Structures are given as C-alpha cells and as structure tokens.
Amino acid sequence: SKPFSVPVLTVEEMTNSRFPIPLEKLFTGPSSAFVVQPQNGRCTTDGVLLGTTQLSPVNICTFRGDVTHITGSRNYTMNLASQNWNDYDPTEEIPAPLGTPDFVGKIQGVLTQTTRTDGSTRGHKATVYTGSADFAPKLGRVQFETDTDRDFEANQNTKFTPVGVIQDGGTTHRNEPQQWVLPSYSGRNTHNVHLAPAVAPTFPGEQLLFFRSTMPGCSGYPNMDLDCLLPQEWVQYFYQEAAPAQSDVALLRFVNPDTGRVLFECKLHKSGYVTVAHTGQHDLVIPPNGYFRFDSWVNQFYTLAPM
Amino acid sequence: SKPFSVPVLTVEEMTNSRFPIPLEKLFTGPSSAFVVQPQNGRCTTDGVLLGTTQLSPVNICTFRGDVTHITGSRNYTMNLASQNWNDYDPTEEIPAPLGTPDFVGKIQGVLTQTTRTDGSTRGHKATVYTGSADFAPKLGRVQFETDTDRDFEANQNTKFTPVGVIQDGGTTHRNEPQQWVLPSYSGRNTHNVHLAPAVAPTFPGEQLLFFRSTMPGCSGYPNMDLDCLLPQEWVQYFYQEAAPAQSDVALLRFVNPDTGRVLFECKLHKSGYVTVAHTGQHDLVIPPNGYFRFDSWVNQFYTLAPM
Amino acid sequence: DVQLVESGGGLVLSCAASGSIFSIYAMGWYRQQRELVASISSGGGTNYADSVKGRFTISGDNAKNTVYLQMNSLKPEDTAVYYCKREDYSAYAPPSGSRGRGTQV
Amino acid sequence: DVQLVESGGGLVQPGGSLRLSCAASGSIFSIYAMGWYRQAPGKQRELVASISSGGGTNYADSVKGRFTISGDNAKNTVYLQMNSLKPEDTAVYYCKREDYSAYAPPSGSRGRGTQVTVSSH
C-alpha cells in the first residue's frame with residue numbers, strides 16, 4: 001500500500017507546469033473574481049493526469065506538424081501532429097493536444113523546420129494568438145504569425161518553440177495575456193470538452209496557494225504573472241509513484257531544513273491543488289532551502305493554522 | 001538500504017539531459033574515435049549530481065544576467081547571474097554555471113529583457129557560439145550575436161532562451177556542432193576544471209548506449225544528433241531516491257509491458273552511464289510502451305547477452 | 001484503539017485522549033441534526049460553529065493529550081447532548097475516528 | 001548459503017574430451033552467473049568460461065573453439081565440455097557462482113575444485 005509523499009525540492013529547483021520556465025515563488029490570493037481552471041499541471045495525488053497535462057516540461061506550449069502558407073502573407077497554418085510526430089487523433093477524450101497552452105494570449109517563439117531530403121534547416125520568429133478564431137488545436141489547426149512569406153516548405157516537419165508573451169495592438173498595459181481565461185480549443189464559438197475541473201477554496205478563511213513564475217516578455221507591457229496549481233515535478237512524481245490516497249486531503253508542512261522549523265502548513269487536495277489559511281493577496285516570504293513535506297492524510301475535521 | 005530502481009517511463013516520455021527537447025530513440029555505436037565527456041546529464045545512481053548537471057530540463061543551455069553592448073556591433077556581452085538572478089560565483093567547484101551547454105557549436109535562441117521600472121519588454125533573435133574566444137561562462141561572461149545594435153538596455157534582467165542549432169560561416173555540412181567536443185568554459189586557450197570524468201566501455205564487445213534526440217535546426221545543414229548518457233528524468237529520479245548502490249553495475253532489462261518479454265539487457269554503471277553488448281552503429285528498434293526495469297546489482301562476472 | 005476521557009457540564013468541558021494515539025490529530029465537540037461546536041488541530045488551527053463563535057473558546061494541552069472547551073454566555077439554543085470527537089491521522093493509513101458517549105447540557 | 005557440487009574431472013588422454021558439471025543449491029537467486037576458474041602450480045588463477053542467466057557467455061581466448069559452456073536452468077547446473085585437451089589444460093578447475101539481488105550486493109560461492117590431468121596413461 002505505497003506511502004504517499006511529495007518530492008524533496010525547493011521552489012526554485014522546480015518548474016512551472018503551464019510554461020517551460022522555472023518556478024520563482026509562492027503566492028496566495030482570493031480567486032472568487034475569476035474561474036481557476038488551468039488545463040496544464042493537472043494531476044491527482046494518486047497519479048492520474050487531467051486536462052491537457054503531460055509529463056515533459058519542455059513540451060509545454062510547443063506545437064509540431066506541417067505548415068501551409070497563407071497566400072501573400074507572413075502567416076502559416078500548422079496541421080498538427082502528436083508530440084512524437086505521429087498522426088494526431090482529434091477523437092481522443094482530451095480538451096486539446098497534451099501541452100497546448102491553457103491561457104488566452106499572444107505567445108512568441110520560433111518556428112523551426114528541417115527538410116527531410118537534404119537536412120537543410122530554417123528558423124523564424126513566430127507568434128500564435130490563442131484567443132484567435134483560427135486557434136483550433138483540438139481540431140488539429142493553429143495559425144502562426146511569422147516574419148517570412150516564403151521560406152517555409154510544405155510537407156516538412158515543423159516545430160514551434162515558445163519563448164515568452166507579448167502585448168501589442170491597442171490592448172492597455174498588462175491586460176494581456178489572461179492566464180485564467182481558457183482558449184476555445186476547437187475554435188470560435190465551440191465549447192471545450194473533457195476539461196479538468198475548476199478549483200476553489202471551500203473552507204472559510206482559505207485561499208488557493210499558487211506556484212508562481214514570471215514569463216519572459218518579448219514585446220510591449222504584458223502581464224507576465226504565471227500561476228500553476230502544481231509544480232511540473234509534482235505531476236511527474238505523483239504520476240510515477242501512483243501512491244493510493246487514504247483520504248481527500250494530504251497535509252503538507254513547509255519546512256526549513258536548516259532549523260527543522262515549520263514555516264506553515266497547507267492542504268494538498270487529492271484532485272491536485274493546494275490551499276492555505278490566509279485572507280488577502282500575499283507574496284510568501286520563504287527560506288531558500290525550504291521544501292514541502294507530506295505529514296499525514298487528514299479530513300475536514302483538521303483545521304489549518306493561519307499562514 | 002532503500003531499494004534502487006529506475007523510472008517506469010518510455011524513451012519518448014523522457015527528456016534529453018543536454019538540450020531542452022524530448023528523447024526520441026536509443027542508439028549504440030563505438031566511442032573510441034572521440035572522448036565522451038558531457039557535463040550535463042551526469043549523475044550517480046545514488047543521486048550525486050556531477051559536472052554542470054542541475055535538476056530542471058528547462059534550464060539547460062539558458063543564460064541570465066545583464067547585457068553590455070559592444071560598440072560598432074550587433075553583439076552583446078552578458079554578465080551572468082545565477083538562475084534566481086543572484087550573483088554568480090566563479091570560485092565554485094564546478095566547470096561552469098550549472099546548465100551551461102557542454103558542446104561546441106552555434107546555439108540560436110532569443111534574448112528577452114524586461115525594464116524594471118515600467119515593465120516594458122523586448123526580445124531579439126540571438127546566437128551564442130560556444131566555440132568563440134569570448135565564451136567564458138565559468139568566468140561569468142558570454143557573448144551573444146544579435147539583430148539589434150540599439151534595443152537592449154543596461155542593468156536590466158535579460159534572458160537567453162535556446163531554440164536550436166545552426167551551421168554557417170563556411171563550415172562543412174553536418175560537421176558542426178560537435179557534440180563530443182567540450183567548450184573552453186573559461187574562454188580562449190584555457191583549461192577546463194572539475195569535470196565529470198570521461199566514460200568508455202571497458203569490457204570487449206561492449207559499447208555505450210546513447211539516449212538520442214534531434215536538435216531543431218534554425219539555419220544551414222547542422223549535425224542535429226544529440227546523445228546523452230542519462231535521460232534528465234533518471235537524473236531527477238536518482239537525486240530524489242538517493243538509493244545506495246550495492247555494486248558498481250546495475251542490471252537493467254528493457255521490457256515490453258504488452259508481452260512481458262525482455263527486448264535486451266544492459267548495464268547502468270554507478271557513476272552514471274549505460275553499456276550494451278553490441279559492435280557497430282545501431283538504431284535500436286523498440287516497442288512504443290517499452291521501458292527500462294532494474295533487475296539486480298551485478299558485477300564484471302555477469303556477461304550481457306548480445307543486444 | 002483510542003479511548004476518550006471526558007468531563008461534564010451541568011445545567012443553565014474537557015475531553016482526554018489515551019490509547020493508540022498519533023502525533024497528528026484534531027479534537028473537538030459535536031452536539032445534537034448533529035452539529036459541530038468547536039475543534040482544534042495539532043498544528044494549532046481552531047474552528048468554531050457560527051452560533052458559539054465569540055462566546056465559546058477551545059484550547060488544548062498537548063502533553064496531557066486533552067482539549068478544553070469554555071462555554072460562556074450560554075443560551076437556551078445551547079441545550080443539547082455534547083460529545084467529544086477525535087481524529088487520529090497518519091501518513092500511511094486513513095483517519096481513525098473516536099467519539100465520546102456524550103453529555104447532556 | 002549456496003553450495004556447489006562439482007563433477008567430471010580426472011585423468012584424460014592428450015587430445016581427449018572431458019565434461020564438467022556444477023550444480024548450485026541453497027539460497028540461489030533467479031539472476032546469477034556461473035563458470036570455471038582453473039589454477040595451475042606457479043601460474044595465476046585463470047577464468048576458463050562463464051555463463052550468465054540472461055544467456056551471455058565469456059571465454060578465455062586460450063580455450064576458444066575448444067571449450068563450450070552451457071546451462072540447464074531447471075537443474076541449476078552448468079556444463080563445461082572440454083575438447084582437444086592439452087597438457088597445458090592441466091589444473092585444478094573450480095566452479096564459481098555469483099548470486100545477484102536487487103536488494104543486496106553480489107553473493108559469491110565457490111566449489112572445492114576438481115583436478116584435471118591431461119597426460120598419457
């Protein structure tokens with residue numbers, strides 16, 4: 001009956017599960033104003049992957065496939081393939097291909113391509129707007145804005161590598177991207193399917209605990225805050241361990257190994273998210289060597305000490 | 001005491017430990033023509049990180065710091081900082097900052113920057129030549145080749161995100177990059193220090209087993225073959241587990257879970273690399289769900305069945 | 001097994017725990033539909049029902065493995081049977097619950 | 001503990017054939033290797049042949065093409081077929097076994113040894 005645990009890793013040793021960048025800090029705030037339903041970094045404590053969540057930190061927000069030029073323009077349509085270059089199956093019971101961005105925004109990166117016959121290669125600046133009418137990865141189509149109108153070839157392996165986010169157009173400072181707004185994965189005016197559920201604190205005085213990174217900015221004044229429910233290493237670890245849950249809630253203590261002292265305690269829910277006892281927006285002040293430790297399976301009778 | 005094991009992961013579910021891309025396949029070949037001494041993806045089976053190896057896949061071949069423009073050029077010098085933007089310490093007993101590229105070639109990516117006071121951001125195409133005279137990450141400076149002579153600011157957080165590799169400048173097709181040639185980490189005509197050791201098969205008829213990826217190519221005809229000694233996931237797992245080794249060699253069986261049958265067997269050496277019984281260059285043909293399984297601590301007296 | 005050594009309230013509390021007890025736990029009082037009154041957790045967290053909030057206080061002595069409930073400004077709506085409750089928690093098994101027989105107040 | 005019972009050695013004509021066998025019993029494991037070492041007066045101990053449970057085999061170059069090792073798993077036994085024997089094959093041949101575990105270091109066992117004498121008689 002395998003014992004549950006969480007990785008012995010500091011926040012800084014870990015990775016954001018919604019963009020391929022490292023974690024930086026811990027944040028808690030009220031989330032009643034918006035719907036918190038990220039599709040990446042969703043995994044149960046007994047190791048069931050949810051939403052669009054997959055194992056590879058480096059595949060998060062990447063796309064692969066072949067491209068078709070949109071005539072006269074610097075825009076290309078990518079016909080998606082799966083992450084191993086095999087055919088993509090739209091009938092799978094997932095919201096979108098695993099690793100698809102789970103927020104509405106403009107993601108800048110690079111499209112790279114290799115020509116199968118002679119091994120010639122090319123790379124170009126590329127931006128995908130995930131709020132676009134033509135953003136339909138569930139259907140196997142996404143559109144990229146590039147800096148070339150001729151260089152990419154048809155029927156050759158093409159990859160998108162994400163770098164950062166931009167705000168352009170007339171959008172006002174830091175009002176894009178919208179990290180808590182899900183894309184419409186099948187394109188405009190279609191409902192999303194097979195989603196990991198929204199999360200909220202239910203107990204009074206409790207707030208979600210967020211694992212926070214700063215996405216790189218490539219242009220303008222973007223909102224670069226990125227919050228995930230679980231670090232990517234926890235997803236990989238729970239998936240690997242697949243330790244049975246003995247109750248709904250795993251009690252975690254954040255421990256400073258230098259002193260042996262407990263900074264605070266929190267609840268890791270079986271469905272894969274964390275809550276703390278705090279009211280208000282707060283950037284947690286944590287020791288550099290601090291890490292999370294699983295201490296026991298509890299229930300609603302256990303009340304968290306104020307953070 | 002704690003039992004050793006390796007993760008239940010297919011090759012395609014895993015990540016290259018020398019560049020931030022997925023593993024694709026397994027390759028074995030003779031390694032006498034070159035010195036095999038990569039510094040990333042180096043870890044002992046009981047979880048001691050070696051060389052420039054650090055835990056997160058997304059930090060491999062990335063740089064952080066501030067930039068200084070080199071007047072008259074589209075070139076910038078980055079004064080490196082550590083992953084958390086703190087000071088980098090050149091006296092540490094490591095060859096270079098953890099995650100520094102461990103091969104000579106041209107790495108293309110993007111430099112991004114944010115201005116602290118108003119959150120304005122900028123990104124530009126950037127290339128680092130790890131064979132250049134000014135590639136001195138161990139001393140805390142590397143030079144980037146960019147497409148701007150004017151846009152980056154001084155004293156502002158700047159990051160390089162790697163994308164792929166290039167071949168240019170009149171070099172021979174597929175003669176760069178050179179994955180088994182280490183950079184001079186302290187710059188032109190300097191000796192490297194604190195290296196993870198070189199590895200070789202010692203037993204006759206024995207060859208290294210490589211975990212292989214294809215790096216994205218951004219320009220020209222580069223050699224995109226990238227081999228690592230351990231998947232990044234094994235590094236992360238061994239560091240987590242810290243299981244003591246009961247001998248120098250762990251016997252692994254590569255197993256197809258669909259049939260329960262063993263495809264081939266191999267030795268995972270304690271100091272962190274894998275050998276097989278094969279002579280000649282070979283692309284392993286493996287089932288999709290296949291994975292490595294640790295079966296026993298053995299020694300030289302045990303002879304691997306021919307792969 | 002865990003056994004609970006209570007004490008009683010009369011007319012218009014303490015609960016003491018012994019046995020196979022665990023380092024991580026919660027203890028408190030329910031009343032009778034059956035309703036929560038107050039609980040306290042080993043990490044220091046406390047929870048009160050809205051009706052007794054601000055009037056009744058719960059506290060605990062970890063060494064004796066006992067919890068104390070001070071009932072103040074008692075009202076007719078407080079009339080019920082009050083039973084101590086304890087949850088013992090481990091990293092390896094589901095929570096183990098123990099309940100007192102109950103005391104009329 | 002593991003013990004090995006050896007058999008098959010004795011006097012043999014030069015150019016003749018012999019067949020040794022070694023059977024293992026006790027705390028034996030599913031993963032193992034078994035084989036023969038030989039010791040001749042004034043000479044360093046030499047590996048002759050070994051076989052591993054996975055099927056891998058190892059031979060000394062001097063016996064390649066003359067000696068064959070094989071195993072019967074059910075019987076937990078290994079056989080060494082020695083052909084074209086020469087005066088230089090004269091030695092004491094002792095069986096050796098290593099038992100391997102996923103939980104412990106290798107456990108070695110060795111036979112008492114059997115004399116092999118290749119001379120005209």
Side-chain angles (χ1 to χ4, degrees), chain A residues 15-20 35-66 77-105 107 128-144 158-162 179-199 226 228-232 234-240 242 269-273, chain B residues 8-10 12-15 22 288-289:
Chain A
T15 308
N16 202 292
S17 55
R18 295 180 62 208
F19 207 74
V35 176
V36 177
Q37 198 170 5
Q39 294 305 300
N40 286 311
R42 306 291 309 261
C43 182
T44 68
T45 62
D46 54 3
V48 180
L49 302 175
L50 307 173
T52 53
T53 302
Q54 53 76 61
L55 296 176
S56 179
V58 300
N59 285 338
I60 303 163
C61 294
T62 67
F63 300 94
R64 299 169 161 83
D66 63 87
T77 294
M78 179 180 276
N79 308 296
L80 299 184
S82 60
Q83 298 282 24
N84 59 19
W85 295 102
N86 289 329
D87 287 20
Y88 163 68
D89 189 355
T91 64
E92 249 173 73
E93 298 203 320
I94 58 189
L98 304 182
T100 290
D102 60 5
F103 58 92
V104 168
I107 300 164
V128 52
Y129 173 34
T130 67
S132 173
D134 292 284
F135 185 74
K138 170 56 155 161
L139 294 184
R141 300 294 189 260
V142 308
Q143 186 179 312
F144 290 99
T158 315
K159 178 185 165 198
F160 179 74
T161 303
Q179 76 162 317
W180 301 125
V181 174
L182 285 179
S184 175
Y185 294 120
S186 273
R188 191 186 198 239
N189 291 344
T190 61
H191 304 108
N192 291 338
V193 301
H194 300 121
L195 297 175
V199 307
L226 188 68
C228 64
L229 304 180
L230 303 159
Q232 181 60 19
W234 288 21
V235 169
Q236 300 175 306
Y237 194 82
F238 299 159
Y239 171 85
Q240 190 60 211
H269 303 260
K270 180 183 179 165
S271 53
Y273 67 96
Chain B
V8 180
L9 294 169
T10 67
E12 285 169 11
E13 295 176 316
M14 289 191 288
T15 310
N289 283 336

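Basis for what follows: all heavy atoms, side chains included, without hydrogens, waters or symmetry-related copies. Reminder, nothing fancy here: chain letters follow the sequence lines and each chain counts from 1.
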Looking only at non-hydrogen atoms, find the nearest pair between A/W85 and A/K159 and report the distance.
CH2-N, 4.3 Å
Return the CD to CG distance between A/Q54 and A/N40, rounded to the nearest 0.5 Å.
7.0 Å
A/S17 OG to A/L226 CG distance, which is reported to the nearest 0.5 Å:
8.0 Å
Answer yes or no: is there a side-chain heavy-atom contact under 4.5 Å between A/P38 and A/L229?
yes
Under the side chain to side chain contact (heavy atoms under 4.5 Å, CB included) rule, collect the residues that match up with A/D89, sequence neighbours excluded.
A/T91, A/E92
Smallest separation among heavy atoms of A/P137 and A/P97, with atom names
O-CD, 3.3 Å
Donor-acceptor contact below 3.5 Å, side chain A/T53 vs main chain A/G41:
yes
Between A/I107 and A/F160, what is the shortest heavy-atom contact and its length?
O-CZ, 3.8 Å
When rounded to the nearest 0.5 Å, the distance separating CG of A/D102 from CH2 of A/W180 is 8.0 Å
Does any N or O in the side chain of A/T130 come within less than 3.5 Å of the main-chain N or O of A/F103, such that one atom is a donor and the other an acceptor?
yes
My understanding is that only one of A/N79, A/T158, A/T77 makes a side chain to side chain donor-acceptor pair (under 3.5 Å) with A/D66; could you say which?
A/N79
Show the nearest heavy-atom pair for residues A/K138 and A/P95, with the distance to one decimal.
CB-O, 3.4 Å
Do A/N86 and A/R64 have a side chain donor and acceptor closer than 3.5 Å?
no
So how far is it from A/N84 CG to A/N59 CG, rounded to the nearest 0.5 Å?
10.0 Å
Might you work through the side chain to side chain contact (heavy atoms under 4.5 Å, CB included) test for A/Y239 and B/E13, ending with a clear yes or no?
CA-CA 12 Å; A/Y239 171 85; B/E13 295 176 316; 3.9 Å; yes
What do the steps show when you test A/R18 against A/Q232 for side chain to side chain donor-acceptor pair (under 3.5 Å), and what is the final call?
CA-CA 8 Å; A/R18 295 180 62 208; A/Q232 181 60 19; over 6 Å; no
Which heavy atom in A/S186 sits nearest to a heavy atom in A/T190, and how many Å separate them?
CB-OG1, 3.1 Å
What closest approach, in Å, do A/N192 and A/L182 show between heavy atoms, and which atom pair accounts for it?
ND2-CB, 4.2 Å
Go through the steps to decide whether A/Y185 and A/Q39 satisfy the test side chain to side chain contact (heavy atoms under 4.5 Å, CB included), and finish with yes or no.
CA-CA 11 Å; A/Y185 294 120; A/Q39 294 305 300; 3.4 Å; yes
Could you walk me through whether B/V8 and A/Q240 pass the side chain to side chain contact (heavy atoms under 4.5 Å, CB included) check?
CA-CA 7 Å; B/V8 180; A/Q240 190 60 211; 3.6 Å; yes
Answer yes or no: is there a side-chain heavy-atom contact under 4.5 Å between A/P20 and A/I60?
yes
Please examine the side chains of A/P197 and A/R42, heavy atoms only from C-beta on, and report whether any two atoms are closer than 4.5 Å.
yes
Before giving the answer on side chain to side chain contact (heavy atoms under 4.5 Å, CB included), spell out for A/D134 and A/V142 the whole-Å C-alpha distance, their side-chain angles and the decisive distance to 0.1 Å.
CA-CA 6 Å; A/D134 292 284; A/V142 308; over 6 Å; no
Could you check whether any side-chain heavy atom of B/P22 comes within less than 4.5 Å of a side-chain heavy atom of B/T15, counting everything from C-beta outward?
no
CZ (A/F63) and CD (A/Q83) are apart, to the nearest 0.5 Å, by 9.0 Å
Are the side chains of A/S184 and A/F135 in contact, using a 4.5 Å heavy-atom criterion?
no
Atom CZ in A/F238, atom SG in A/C43: separation rounded to 0.5 Å?
7.0 Å
